[PDB]
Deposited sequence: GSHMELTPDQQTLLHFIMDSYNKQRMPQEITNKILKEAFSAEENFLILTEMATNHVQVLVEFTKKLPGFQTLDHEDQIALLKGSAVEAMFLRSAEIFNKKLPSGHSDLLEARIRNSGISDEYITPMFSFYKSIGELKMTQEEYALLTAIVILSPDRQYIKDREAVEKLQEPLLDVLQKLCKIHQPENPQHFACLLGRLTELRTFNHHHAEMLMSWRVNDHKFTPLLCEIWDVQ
């Protein structure tokens, strides 16, 4: 039981691209050095989200076939996946300093209504003990979701997403041959990710009192 050369090539382009992401040291130093207050904490989260959306655009452009999609559908795919991918990555980092980051998140003027499900997701992610390939493929499968709003040619997206779900399943069979439910638990994370879209919308919608960054305002229609 092994990946085909074609699947190995596909997986390789995904890992290479995923592996390039980074948080500038300029930003990380702020997590450690800036004042501790709901206002500052919220501003730091904002800066992090912005840097991530940038990292997310660079990753997506290297996804096999992404650049062959209609230009507007490329935009629609990014706007609809940004929150989901940002929560997936947050999960990853939290499950592998982090002490102070966690403290800032819990004290950034954000309701427990949001914080609670957030930290619970980090927990269920950790319990899965995901590999780097799993995190990368899940991130791409989340990006290449053919069912997002405003997509003109959904079938062209299906064509890119299907092969990723095929490789992810095979990896589960090859690496966890005795736990036939592994794939199923990864999908449970896909559906759990979708719940953060509504939550996030309410966090944005319902605290007008506040300026974000230009990049965030466009992706989230603020």
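Counting from 1 along the deposited sequence, which stretches lack C-alpha positions? Several regions go unmodelled: 1 to 3, 100 to 104, 218 to 219, 233.
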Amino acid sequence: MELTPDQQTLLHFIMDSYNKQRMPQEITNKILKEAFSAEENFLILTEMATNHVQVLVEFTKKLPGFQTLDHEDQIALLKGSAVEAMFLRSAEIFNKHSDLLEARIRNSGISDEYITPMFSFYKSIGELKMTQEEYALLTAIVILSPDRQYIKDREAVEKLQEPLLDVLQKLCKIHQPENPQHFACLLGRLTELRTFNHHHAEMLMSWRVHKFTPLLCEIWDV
From here on, numbers count along this sequence of modelled residues.
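Mind pulling up the entry and telling me whether 158 to 166 or 30 to 38 has the higher mean Cα temperature factor? Comparing 158 to 166 with 30 to 38, the higher mean C-alpha B-factor belongs to 30 to 38.
Taking only the CA atoms, which stretch has the higher mean B-factor in the record, 81 to 89 or 104 to 112? So the stretch with the higher mean C-alpha B-factor is 104 to 112.
CA B-factor placement of residue 70, once the chain's modelled residues are sorted into thirds: Middle third, going by the recorded CA B-factors of the chain.
Position of residue 50 among the chain's modelled residues by C-alpha B-factor, lowest, middle or highest third: Tercile = lowest for this residue's CA B-factor.
Going by the entry, which third of its chain does the Cα temperature factor of residue 153 land in? Middle third by C-alpha B-factor.
Taking the chain's C-alpha temperature factors as the reference, tell me which third residue 60 falls into: lowest, middle or highest. Within its chain, residue 60 is a lowest-third residue by C-alpha B-factor, going by the deposited values.
Entry-reported Cα temperature factor of residue 19, expressed as the chain third it lands in: Middle third of the chain for residue 19's C-alpha B-factor.
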